[PDB]
Every structure is written in C-alpha cells, then in structure tokens.
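Engineer: my_file.cif is reproduced in full below (mmCIF, C-alpha atoms and all ligand atoms).
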data_start
loop_
_atom_site.group_PDB
_atom_site.id
_atom_site.type_symbol
_atom_site.label_atom_id
_atom_site.label_comp_id
_atom_site.auth_asym_id
_atom_site.auth_seq_id
_atom_site.Cartn_x
_atom_site.Cartn_y
_atom_site.Cartn_z
ATOM 1 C CA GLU A 34 4.351 10.644 -17.563
ATOM 2 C CA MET A 35 6.173 7.618 -16.099
ATOM 3 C CA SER A 36 6.933 7.048 -12.438
ATOM 4 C CA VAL A 37 8.248 4.335 -10.147
ATOM 5 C CA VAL A 38 7.973 3.047 -6.585
ATOM 6 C CA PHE A 39 9.934 0.497 -4.566
ATOM 7 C CA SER A 40 8.207 -1.736 -2.032
ATOM 8 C CA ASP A 41 9.816 -3.731 0.776
ATOM 9 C CA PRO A 42 8.510 -7.354 0.677
ATOM 10 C CA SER A 43 10.267 -8.198 3.978
ATOM 11 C CA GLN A 44 7.680 -5.983 5.695
ATOM 12 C CA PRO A 45 4.069 -7.212 5.905
ATOM 13 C CA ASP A 46 2.111 -6.312 2.797
ATOM 14 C CA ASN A 47 4.767 -4.645 0.648
ATOM 15 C CA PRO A 48 4.681 -1.055 1.949
ATOM 16 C CA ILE A 49 6.092 1.613 -0.356
ATOM 17 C CA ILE A 50 9.559 2.725 0.677
ATOM 18 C CA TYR A 51 10.437 4.938 -2.297
ATOM 19 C CA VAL A 52 8.323 6.983 -4.632
ATOM 20 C CA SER A 53 9.765 8.946 -7.528
ATOM 21 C CA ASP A 54 8.976 12.643 -7.838
ATOM 22 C CA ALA A 55 6.837 12.033 -10.938
ATOM 23 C CA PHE A 56 4.593 9.564 -9.070
ATOM 24 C CA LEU A 57 3.438 12.392 -6.797
ATOM 25 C CA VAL A 58 2.771 14.690 -9.769
ATOM 26 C CA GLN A 59 1.016 12.123 -11.959
ATOM 27 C CA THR A 60 -1.242 10.592 -9.267
ATOM 28 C CA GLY A 61 -1.848 13.734 -7.150
ATOM 29 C CA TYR A 62 -0.855 12.128 -3.857
ATOM 30 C CA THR A 63 1.639 13.607 -1.471
ATOM 31 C CA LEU A 64 4.741 11.882 -0.165
ATOM 32 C CA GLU A 65 3.142 11.595 3.266
ATOM 33 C CA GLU A 66 0.041 10.014 1.624
ATOM 34 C CA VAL A 67 2.096 7.271 -0.185
ATOM 35 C CA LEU A 68 5.103 6.235 1.877
ATOM 36 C CA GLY A 69 4.435 3.174 3.978
ATOM 37 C CA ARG A 70 1.257 2.166 2.145
ATOM 38 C CA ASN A 71 0.561 -0.639 -0.269
ATOM 39 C CA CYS A 72 0.258 0.543 -3.833
ATOM 40 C CA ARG A 73 -3.217 -0.959 -4.275
ATOM 41 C CA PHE A 74 -4.701 2.451 -3.276
ATOM 42 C CA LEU A 75 -4.420 3.318 -7.029
ATOM 43 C CA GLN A 76 -7.157 0.795 -7.865
ATOM 44 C CA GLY A 77 -10.845 1.716 -8.015
ATOM 45 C CA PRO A 78 -14.335 0.707 -9.138
ATOM 46 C CA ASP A 79 -13.552 -0.389 -12.693
ATOM 47 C CA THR A 80 -10.261 -2.111 -11.864
ATOM 48 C CA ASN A 81 -10.413 -5.621 -13.218
ATOM 49 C CA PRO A 82 -10.144 -8.144 -10.312
ATOM 50 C CA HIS A 83 -8.446 -10.787 -12.477
ATOM 51 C CA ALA A 84 -5.633 -8.321 -13.235
ATOM 52 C CA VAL A 85 -5.334 -7.645 -9.511
ATOM 53 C CA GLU A 86 -4.962 -11.411 -8.822
ATOM 54 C CA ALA A 87 -2.515 -11.663 -11.694
ATOM 55 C CA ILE A 88 -0.319 -9.070 -10.025
ATOM 56 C CA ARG A 89 -0.643 -10.867 -6.662
ATOM 57 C CA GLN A 90 0.519 -14.134 -8.257
ATOM 58 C CA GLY A 91 3.369 -12.501 -10.184
ATOM 59 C CA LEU A 92 4.710 -11.138 -6.910
ATOM 60 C CA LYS A 93 4.470 -14.613 -5.309
ATOM 61 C CA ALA A 94 6.498 -15.940 -8.256
ATOM 62 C CA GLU A 95 9.113 -13.196 -7.608
ATOM 63 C CA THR A 96 9.433 -12.683 -11.311
ATOM 64 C CA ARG A 97 9.350 -9.759 -13.716
ATOM 65 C CA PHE A 98 5.684 -9.030 -14.652
ATOM 66 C CA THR A 99 3.861 -6.354 -16.770
ATOM 67 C CA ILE A 100 0.114 -5.838 -16.957
ATOM 68 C CA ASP A 101 -2.304 -3.182 -18.259
ATOM 69 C CA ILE A 102 -4.544 -2.374 -15.275
ATOM 70 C CA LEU A 103 -7.019 0.500 -14.724
ATOM 71 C CA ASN A 104 -5.874 2.850 -11.929
ATOM 72 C CA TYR A 105 -7.119 6.134 -10.534
ATOM 73 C CA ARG A 106 -5.587 9.485 -9.558
ATOM 74 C CA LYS A 107 -6.389 11.241 -6.280
ATOM 75 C CA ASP A 108 -8.903 13.361 -8.147
ATOM 76 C CA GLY A 109 -10.765 10.263 -9.332
ATOM 77 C CA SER A 110 -9.690 10.471 -12.919
ATOM 78 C CA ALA A 111 -8.942 7.061 -14.397
ATOM 79 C CA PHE A 112 -5.992 5.843 -16.535
ATOM 80 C CA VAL A 113 -4.753 2.574 -18.040
ATOM 81 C CA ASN A 114 -1.460 1.920 -16.248
ATOM 82 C CA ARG A 115 1.035 -0.308 -18.082
ATOM 83 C CA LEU A 116 2.443 -1.475 -14.766
ATOM 84 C CA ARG A 117 5.957 -3.008 -14.921
ATOM 85 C CA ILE A 118 7.072 -4.829 -11.762
ATOM 86 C CA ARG A 119 10.522 -6.340 -11.373
ATOM 87 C CA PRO A 120 12.367 -7.969 -8.469
ATOM 88 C CA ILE A 121 15.540 -6.436 -7.079
ATOM 89 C CA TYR A 122 18.083 -8.690 -5.363
ATOM 90 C CA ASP A 123 20.928 -8.145 -2.992
ATOM 91 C CA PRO A 124 24.401 -9.450 -3.992
ATOM 92 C CA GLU A 125 23.751 -12.631 -2.038
ATOM 93 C CA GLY A 126 20.689 -13.436 -4.153
ATOM 94 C CA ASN A 127 17.987 -12.480 -1.600
ATOM 95 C CA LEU A 128 14.917 -10.581 -2.718
ATOM 96 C CA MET A 129 15.385 -7.047 -1.394
ATOM 97 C CA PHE A 130 12.796 -4.858 -3.185
ATOM 98 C CA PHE A 131 10.064 -4.896 -5.766
ATOM 99 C CA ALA A 132 10.257 -1.984 -8.174
ATOM 100 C CA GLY A 133 7.024 -1.070 -9.886
ATOM 101 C CA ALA A 134 6.873 1.459 -12.713
ATOM 102 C CA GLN A 135 3.581 3.181 -13.628
ATOM 103 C CA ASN A 136 3.172 4.030 -17.339
ATOM 104 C CA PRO A 137 -0.073 5.782 -18.351
ATOM 105 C CA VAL A 138 -0.908 4.468 -21.786
ATOM 106 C CA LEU A 139 -4.366 5.902 -22.204
ATOM 107 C CA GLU A 140 -7.164 7.826 -20.460
ATOM 108 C CA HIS A 141 -10.346 6.283 -19.044
ATOM 109 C CA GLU B 32 16.751 -8.260 -36.329
ATOM 110 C CA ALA B 33 16.064 -11.223 -33.958
ATOM 111 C CA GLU B 34 13.611 -13.979 -34.904
ATOM 112 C CA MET B 35 10.037 -13.655 -33.561
ATOM 113 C CA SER B 36 8.520 -16.701 -31.965
ATOM 114 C CA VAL B 37 4.762 -16.136 -31.592
ATOM 115 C CA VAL B 38 1.534 -18.180 -31.468
ATOM 116 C CA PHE B 39 -2.097 -17.125 -31.779
ATOM 117 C CA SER B 40 -4.776 -19.021 -29.858
ATOM 118 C CA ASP B 41 -8.583 -19.141 -30.310
ATOM 119 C CA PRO B 42 -10.433 -18.396 -27.078
ATOM 120 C CA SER B 43 -13.756 -19.401 -28.738
ATOM 121 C CA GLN B 44 -12.481 -23.021 -28.668
ATOM 122 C CA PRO B 45 -11.981 -25.182 -25.558
ATOM 123 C CA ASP B 46 -8.836 -24.401 -23.618
ATOM 124 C CA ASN B 47 -7.495 -21.645 -25.937
ATOM 125 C CA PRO B 48 -5.793 -23.861 -28.530
ATOM 126 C CA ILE B 49 -3.053 -22.706 -30.884
ATOM 127 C CA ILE B 50 -4.350 -21.922 -34.338
ATOM 128 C CA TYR B 51 -1.245 -20.285 -35.788
ATOM 129 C CA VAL B 52 2.438 -20.640 -35.039
ATOM 130 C CA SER B 53 5.302 -18.584 -36.478
ATOM 131 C CA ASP B 54 8.224 -20.390 -38.216
ATOM 132 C CA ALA B 55 10.588 -19.138 -35.444
ATOM 133 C CA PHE B 56 8.417 -20.789 -32.740
ATOM 134 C CA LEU B 57 9.195 -24.190 -34.238
ATOM 135 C CA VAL B 58 12.910 -23.465 -34.481
ATOM 136 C CA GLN B 59 13.237 -21.932 -31.023
ATOM 137 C CA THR B 60 11.219 -24.562 -29.097
ATOM 138 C CA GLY B 61 12.207 -27.669 -31.073
ATOM 139 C CA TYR B 62 8.580 -28.751 -31.587
ATOM 140 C CA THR B 63 7.072 -29.555 -35.011
ATOM 141 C CA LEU B 64 3.978 -27.896 -36.390
ATOM 142 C CA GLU B 65 2.076 -31.182 -35.904
ATOM 143 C CA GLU B 66 3.069 -31.389 -32.253
ATOM 144 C CA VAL B 67 1.746 -27.905 -31.588
ATOM 145 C CA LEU B 68 -1.325 -27.043 -33.728
ATOM 146 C CA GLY B 69 -4.581 -27.259 -31.794
ATOM 147 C CA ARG B 70 -3.014 -27.605 -28.371
ATOM 148 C CA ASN B 71 -2.738 -25.203 -25.470
ATOM 149 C CA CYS B 72 0.732 -23.703 -25.185
ATOM 150 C CA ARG B 73 1.229 -24.959 -21.587
ATOM 151 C CA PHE B 74 3.203 -27.938 -22.958
ATOM 152 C CA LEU B 75 6.197 -25.527 -22.864
ATOM 153 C CA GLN B 76 6.024 -25.769 -19.090
ATOM 154 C CA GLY B 77 7.892 -28.349 -17.009
ATOM 155 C CA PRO B 78 8.992 -29.425 -13.567
ATOM 156 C CA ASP B 79 10.524 -26.192 -12.250
ATOM 157 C CA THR B 80 7.988 -23.865 -13.760
ATOM 158 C CA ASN B 81 6.716 -21.639 -10.976
ATOM 159 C CA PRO B 82 3.038 -22.374 -10.258
ATOM 160 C CA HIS B 83 2.360 -18.763 -9.296
ATOM 161 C CA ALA B 84 3.615 -17.587 -12.687
ATOM 162 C CA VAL B 85 1.241 -20.128 -14.258
ATOM 163 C CA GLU B 86 -1.642 -18.752 -12.234
ATOM 164 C CA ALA B 87 -0.679 -15.142 -13.074
ATOM 165 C CA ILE B 88 -1.066 -15.989 -16.785
ATOM 166 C CA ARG B 89 -4.399 -17.701 -16.206
ATOM 167 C CA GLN B 90 -5.615 -14.535 -14.446
ATOM 168 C CA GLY B 91 -4.124 -12.166 -17.057
ATOM 169 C CA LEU B 92 -6.027 -14.082 -19.757
ATOM 170 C CA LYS B 93 -9.252 -13.850 -17.694
ATOM 171 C CA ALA B 94 -8.700 -10.098 -17.512
ATOM 172 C CA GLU B 95 -8.384 -9.916 -21.354
ATOM 173 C CA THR B 96 -5.513 -7.432 -21.170
ATOM 174 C CA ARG B 97 -1.914 -7.097 -22.390
ATOM 175 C CA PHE B 98 0.492 -8.719 -20.040
ATOM 176 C CA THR B 99 4.009 -10.118 -19.842
ATOM 177 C CA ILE B 100 5.669 -12.585 -17.436
ATOM 178 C CA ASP B 101 9.044 -14.296 -17.144
ATOM 179 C CA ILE B 102 8.293 -18.011 -16.805
ATOM 180 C CA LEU B 103 10.574 -21.034 -17.045
ATOM 181 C CA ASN B 104 9.858 -23.136 -20.095
ATOM 182 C CA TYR B 105 11.381 -26.216 -21.755
ATOM 183 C CA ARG B 106 12.206 -27.009 -25.374
ATOM 184 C CA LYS B 107 11.437 -30.370 -26.929
ATOM 185 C CA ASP B 108 14.945 -31.542 -26.095
ATOM 186 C CA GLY B 109 14.344 -30.725 -22.382
ATOM 187 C CA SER B 110 16.633 -27.712 -22.251
ATOM 188 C CA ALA B 111 15.224 -25.063 -19.945
ATOM 189 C CA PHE B 112 15.007 -21.358 -20.577
ATOM 190 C CA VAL B 113 13.331 -18.335 -19.021
ATOM 191 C CA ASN B 114 10.676 -17.180 -21.465
ATOM 192 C CA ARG B 115 9.669 -13.492 -21.378
ATOM 193 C CA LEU B 116 6.136 -14.332 -22.600
ATOM 194 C CA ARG B 117 4.226 -11.347 -24.015
ATOM 195 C CA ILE B 118 0.510 -11.931 -24.409
ATOM 196 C CA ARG B 119 -2.070 -9.543 -25.917
ATOM 197 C CA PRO B 120 -5.692 -9.862 -26.957
ATOM 198 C CA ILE B 121 -6.455 -9.451 -30.672
ATOM 199 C CA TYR B 122 -9.740 -7.805 -31.670
ATOM 200 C CA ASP B 123 -11.796 -7.952 -34.850
ATOM 201 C CA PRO B 124 -12.608 -4.640 -36.637
ATOM 202 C CA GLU B 125 -15.809 -4.297 -34.596
ATOM 203 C CA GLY B 126 -13.817 -4.436 -31.339
ATOM 204 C CA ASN B 127 -14.725 -7.980 -30.310
ATOM 205 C CA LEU B 128 -12.089 -10.338 -28.864
ATOM 206 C CA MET B 129 -10.952 -12.712 -31.652
ATOM 207 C CA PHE B 130 -7.543 -14.244 -30.695
ATOM 208 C CA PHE B 131 -4.810 -14.052 -28.117
ATOM 209 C CA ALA B 132 -1.231 -13.641 -29.366
ATOM 210 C CA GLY B 133 1.652 -14.871 -27.216
ATOM 211 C CA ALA B 134 5.284 -14.091 -28.200
ATOM 212 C CA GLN B 135 8.132 -16.176 -26.701
ATOM 213 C CA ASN B 136 11.410 -14.419 -25.864
ATOM 214 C CA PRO B 137 14.264 -16.544 -24.388
ATOM 215 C CA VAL B 138 16.051 -14.335 -21.878
ATOM 216 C CA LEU B 139 18.142 -16.877 -19.896
ATOM 217 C CA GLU B 140 19.361 -20.437 -20.539
ATOM 218 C CA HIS B 141 19.242 -22.958 -17.650
HETATM 219 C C1 LIG C 1 6.404 -2.177 -6.246
HETATM 220 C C2 LIG C 1 4.941 -2.351 -6.511
HETATM 221 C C3 LIG C 1 4.280 -1.418 -7.256
HETATM 222 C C4 LIG C 1 2.939 -1.613 -7.496
HETATM 223 N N1 LIG C 1 2.283 -0.667 -8.235
HETATM 224 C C5 LIG C 1 0.943 -0.776 -8.457
HETATM 225 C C6 LIG C 1 0.300 0.184 -9.261
HETATM 226 O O1 LIG C 1 0.928 1.123 -9.741
HETATM 227 N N2 LIG C 1 -1.031 0.040 -9.537
HETATM 228 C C7 LIG C 1 -1.715 -1.042 -9.033
HETATM 229 O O2 LIG C 1 -2.911 -1.220 -9.285
HETATM 230 N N3 LIG C 1 -1.082 -1.963 -8.234
HETATM 231 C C8 LIG C 1 0.233 -1.860 -7.954
HETATM 232 N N4 LIG C 1 0.866 -2.852 -7.218
HETATM 233 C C9 LIG C 1 0.118 -4.078 -6.760
HETATM 234 C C10 LIG C 1 -0.519 -3.977 -5.377
HETATM 235 O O3 LIG C 1 0.396 -3.419 -4.474
HETATM 236 C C11 LIG C 1 -0.897 -5.413 -4.970
HETATM 237 O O4 LIG C 1 0.231 -6.280 -5.041
HETATM 238 C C12 LIG C 1 -2.028 -5.915 -5.836
HETATM 239 O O5 LIG C 1 -3.215 -5.124 -5.625
HETATM 240 C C13 LIG C 1 -2.338 -7.409 -5.589
HETATM 241 O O6 LIG C 1 -2.402 -7.646 -4.187
HETATM 242 P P1 LIG C 1 -3.800 -7.585 -3.443
HETATM 243 O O7 LIG C 1 -4.750 -8.626 -3.987
HETATM 244 O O8 LIG C 1 -3.642 -7.956 -1.964
HETATM 245 O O9 LIG C 1 -4.383 -6.209 -3.636
HETATM 246 C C14 LIG C 1 2.227 -2.710 -6.972
HETATM 247 C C15 LIG C 1 2.930 -3.662 -6.248
HETATM 248 C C16 LIG C 1 4.276 -3.457 -6.013
HETATM 249 C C17 LIG C 1 5.035 -4.463 -5.181
HETATM 250 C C1 LIG C 2 -1.570 -17.043 -27.087
HETATM 251 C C2 LIG C 2 -0.921 -17.707 -25.871
HETATM 252 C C3 LIG C 2 0.415 -18.026 -25.841
HETATM 253 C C4 LIG C 2 0.978 -18.682 -24.758
HETATM 254 N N1 LIG C 2 2.337 -18.997 -24.726
HETATM 255 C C5 LIG C 2 2.874 -19.655 -23.607
HETATM 256 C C6 LIG C 2 4.264 -19.871 -23.532
HETATM 257 O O1 LIG C 2 4.947 -19.511 -24.539
HETATM 258 N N2 LIG C 2 4.782 -20.528 -22.423
HETATM 259 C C7 LIG C 2 3.964 -20.835 -21.327
HETATM 260 O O2 LIG C 2 4.412 -21.381 -20.344
HETATM 261 N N3 LIG C 2 2.581 -20.535 -21.359
HETATM 262 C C8 LIG C 2 2.074 -19.963 -22.508
HETATM 263 N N4 LIG C 2 0.714 -19.606 -22.525
HETATM 264 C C9 LIG C 2 -0.097 -19.909 -21.266
HETATM 265 C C10 LIG C 2 -0.788 -21.256 -21.156
HETATM 266 O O3 LIG C 2 -1.352 -21.516 -22.424
HETATM 267 C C11 LIG C 2 -1.857 -21.228 -20.057
HETATM 268 O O4 LIG C 2 -2.712 -20.126 -20.375
HETATM 269 C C12 LIG C 2 -1.274 -21.023 -18.638
HETATM 270 O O5 LIG C 2 -0.500 -22.187 -18.366
HETATM 271 C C13 LIG C 2 -2.333 -20.773 -17.535
HETATM 272 O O6 LIG C 2 -3.352 -21.740 -17.805
HETATM 273 P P1 LIG C 2 -3.484 -22.995 -16.853
HETATM 274 O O7 LIG C 2 -3.417 -22.745 -15.340
HETATM 275 O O8 LIG C 2 -4.780 -23.619 -17.271
HETATM 276 O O9 LIG C 2 -2.259 -23.807 -17.370
HETATM 277 C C14 LIG C 2 0.165 -18.976 -23.655
HETATM 278 C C15 LIG C 2 -1.199 -18.692 -23.708
HETATM 279 C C16 LIG C 2 -1.752 -18.017 -24.789
HETATM 280 C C17 LIG C 2 -3.198 -17.698 -24.791
#
For the structure just supplied, provide its representation as structure tokens.

Structural biologist:
Amino acid sequence: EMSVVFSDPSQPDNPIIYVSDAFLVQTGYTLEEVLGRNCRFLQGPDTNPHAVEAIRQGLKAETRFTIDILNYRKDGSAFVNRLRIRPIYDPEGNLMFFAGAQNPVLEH
Amino acid sequence: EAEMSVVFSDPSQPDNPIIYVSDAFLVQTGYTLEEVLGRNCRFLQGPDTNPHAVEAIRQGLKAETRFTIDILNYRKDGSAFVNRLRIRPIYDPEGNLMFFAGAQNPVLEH
C-alpha cells in the first residue's frame, strides 16, 4: 500500500512535515517517530548508495524524480520502494514543499 | 495512442552508446539515425540543462535500477523541451544486465 510525505526544504535537511495515515501503517513507525525527521531513516544495509546520491541530486535539481530504492520497515523487513518525489510551488513560483510517495513494488 | 520515443544503450561498450532507436525518437528529436547510432544520448542536453539532473541520471545508471527524471533537453533545431526520461535496465533470460532502455516524453515546451 501507497503512502506519501511532505518535507519542508526551507528547514535544514528536509524534515518531514506531513505523513499520510498509510505511511504509518505500511512502515510501522508512529507519527511521533516520523514528524520532523528526514526520510532517510527508511534506508538500511542493502540500500544502494548510488540510488541515495541520485535522490540527493534530484532534490538539488528541484525536479520531479522517481527511483526504485530498497527501504526497510520498523520491523526490519525490506521492500523495493518505487519512490516518486515531486516539487510543490507556491503561487509566486517559490519551492514550498517536496512531496514523496512510497510505492512498495516488491518484497526483499 | 501517443508515439513512443525510446533508445536502448549497451553498457558493455564504452560510455553506454545507443544501439537501437525507435522511429518516434528520430521524429521527436529531429536527429537522423546516422547522427544518433553509437553515441551516448547526452547530446540531447544543452545550455540550461540542470547539472544536478545530469548527475542524478549518472547515479541512477550506476545503481542499475528503474528511474525517471524531468530534464531539459534540446531538439536538433535547438528548441527546448522538458523530457520526462524513463530509464530501466534490461536483463537477459539468465538475469544478467544486457541493455538500458531510455524513453523520452516531452512534457513542456520552452
Ligand atoms: C519528500 C521526501 C520523501 C522522501 N522519501 C524517501 C523514502 O521514502 N525512502 C528513501 O529512501 N528516501 C526518501 N527520501 C530521500 C532522503 O530524505 C534523502 O534526500 C536521501 O537519502 C538523499 O540525501 P542524503 O544523502 O543526505 O541521505 C525522501 C526525500 C524527500 C524530500
Ligand atoms: C538508455 C539511455 C537513454 C538516455 N536518454 C537520455 C535522454 O533522452 N536525455 C538526456 O538528457 N539523457 C539521456 N540519457 C543520459 C545520458 O546518456 C547520460 O547517462 C547522463 O548525461 C549522465 O551521464 P554523464 O554525467 O556522463 O553525462 C540516457 C541514458 C541511457 C542509458
């Protein structure tokens, strides 16, 4: 099941400011465990570092980006996340949020 | 029902050259088959292409994983368009990496 978070890139290090109900269910984390943190806590031992750097660069480009990256639930179970990030702008054109949608595509 | 611009590259050859190009690629980008075959697809890039998007692709390829990025590209005639570029690895029946496929999708004219 699919889920989504918003980060605030005007704060240092893109803390999560919104997390959909399904994110808590699918990952096992509580609201208090997620809000205010950077979403990289979903990565783990087998997460490919080149995909991590690819996400970092896509954010610096402020552009829509999708990548298949291995993530982990609170219980340690692993899943391929088809992660879809997109920028969200205010009416004046300023970057306001990143939205990032987690899509489990297979188990690991 | 839209046309499907796509290229396949050979990562067993230096710099991931194009080894196949769909008919729609030639129509959409303005390049001829002879201008394209055997070259890396970065020739679609130009002056206002974002370098971080370029590096995100380079990393996505190193990760050997499906990924997609919106990146500004240029046709042969110099017109600029945002390309929603969808790249995936292609495996042989034994599961070994064989090709990369990269589909071009104009989503905005500059
Ligand atoms: C809105 C948003 C959602 C994100 N979701 C995930 C995610 O679900 N899984 C993941 O591995 N990384 C996710 N990231 C990426 C990390 O937060 C971070 O940008 C990435 O690890 C690269 O930065 P780093 O090298 O400093 O870790 C997300 C980023 C943003 C902005
Ligand atoms: C199969 C395939 C298709 C590609 N299609 C494009 C494209 O349509 N437009 C683009 O700007 N880059 C495209 N690329 C990316 C570039 O070829 C190159 O990988 C990227 O610029 C990062 O490499 P670099 O830093 O060495 O240039 C494609 C790559 C592959 C493997």

Engineer: Please write as a PyMOL selection string the full residue list that the PyMOL selection byres ((chain B) within 10 of (chain A)) yields on this file.

Structural biologist: chain B and resi 80-102+115-119

Engineer: Counting only C-alpha atoms, write as number ranges by chain all protein and nucleic acid residues lying at most 12 Å from (-3.2, -20.8, -27.0) in the file's frame.

Structural biologist: B: 37-52, 67-75, 88-89, 92, 118-120, 130-134

Engineer: Apply the PyMOL selection byres (((chain A and resi 46) around 12) and not hetatm) to the structure shown and report the selected residues as JSON, numbers by chain.

Structural biologist: {"A": [40, 41, 42, 43, 44, 45, 47, 48, 49, 50, 69, 70, 71, 72, 73, 89, 92, 93, 131]}

Engineer: I'd like the contact shell of residue 58 in chain A - 10 Å cut-off, all atoms listed in the file, skipping same-chain residues fewer than 5 positions apart - returned as a VMD selection string.

Structural biologist: chain A and resid 34 36 53 63 106

Engineer: Under the rule that only C-alpha atoms and all ligand atoms are counted, which of B:62, B:111, B:54, B:76 is the nearest residue to ligand LIG 2 (chain C)?

Structural biologist: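 Going through B:62, B:111, B:54, B:76 one by one, the smallest distance to ligand LIG 2 (chain C) is for B:76.
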
Engineer: Looking at B:105, B:36, B:79, B:128, which one is nearest to residue 59 in chain B, with distances taken over all atoms listed in the file?

Structural biologist: B:36

Engineer: Show me, as JSON, the centre and edge lengths in Å to one decimal of the axis-aligned box that covers every listed atom of ligand LIG 2 (chain C) with 8 Å on each side.

Structural biologist:
{"center_x": 0.1, "center_y": -20.4, "center_z": -21.2, "size_x": 25.7, "size_y": 22.8, "size_z": 27.7}

Engineer: What does the distance from atom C4 of ligand LIG 1 (chain C) to CA of residue 57 in chain A come to in Å, to one decimal?

Structural biologist: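 Atom-to-atom, atom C4 of ligand LIG 1 (chain C) to CA of residue 57 in chain A, that is 14.0 Å.
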
Engineer: Between CA of residue 135 in chain A and CA of residue 121 in chain A, what is the spacing in Å?

Structural biologist: 16.7 Å

Engineer: Give the answer as one residue: which of A:120, A:125, A:112, A:105 has the shortest atom-to-atom distance to residue 138 in chain A, using all atoms listed in the file?

Structural biologist: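 Ranked by minimum distance to residue 138 in chain A, first place goes to A:112.
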
Engineer: Report as a list in words all protein, DNA and RNA residues lying within 10 Å of residue 140 in chain A, evaluated on all atoms listed in the file, omitting residues in the same chain fewer than 2 positions from it.

Structural biologist: residues 103, 104, 110, 111, 112, 113, 114, 137 and 138 of chain A

Engineer: Please, what distance in Å, to one decimal, runs between CA of residue 61 in chain A and atom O6 of ligand LIG 1 (chain C)?

Structural biologist: 21.6 Å

Engineer: Show me that you can extract range 42-56 of chain A, keeping N, CA and C atoms, and write it as a compact mmCIF listing (two decimals), in the first residue's frame.

Structural biologist:
# COMPACT_ATOMS: atom_id res chain seq x y z
N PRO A 42 11.80 21.97 2.52
CA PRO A 42 13.20 22.25 2.16
C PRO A 42 13.71 23.63 2.55
N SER A 43 12.88 24.50 3.12
CA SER A 43 13.34 25.73 3.76
C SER A 43 13.83 25.52 5.19
N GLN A 44 13.66 24.35 5.76
CA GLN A 44 14.28 23.98 7.02
C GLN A 44 15.55 23.19 6.72
N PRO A 45 16.55 23.19 7.59
CA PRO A 45 17.74 22.39 7.31
C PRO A 45 17.39 20.92 7.20
N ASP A 46 17.81 20.32 6.10
CA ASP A 46 17.77 18.87 5.94
C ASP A 46 16.35 18.32 5.77
N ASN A 47 15.46 19.05 5.14
CA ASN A 47 14.21 18.49 4.66
C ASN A 47 13.42 17.66 5.67
N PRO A 48 13.16 18.19 6.86
CA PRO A 48 12.35 17.43 7.82
C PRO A 48 10.95 17.17 7.28
N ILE A 49 10.41 16.01 7.64
CA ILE A 49 9.03 15.67 7.32
C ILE A 49 8.07 16.58 8.08
N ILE A 50 7.13 17.15 7.34
CA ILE A 50 6.08 17.96 7.95
C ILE A 50 4.67 17.39 7.78
N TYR A 51 4.51 16.37 6.96
CA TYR A 51 3.25 15.68 6.79
C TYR A 51 3.50 14.23 6.48
N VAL A 52 2.70 13.35 7.04
CA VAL A 52 2.87 11.95 6.74
C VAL A 52 1.48 11.32 6.63
N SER A 53 1.19 10.64 5.51
CA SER A 53 -0.19 10.21 5.36
C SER A 53 -0.45 9.03 6.28
N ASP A 54 -1.73 8.74 6.54
CA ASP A 54 -2.03 7.70 7.52
C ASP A 54 -1.38 6.39 7.10
N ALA A 55 -1.41 6.08 5.79
CA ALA A 55 -0.92 4.80 5.30
C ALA A 55 0.59 4.65 5.49
N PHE A 56 1.33 5.77 5.57
CA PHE A 56 2.77 5.67 5.79
C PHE A 56 3.02 5.02 7.13
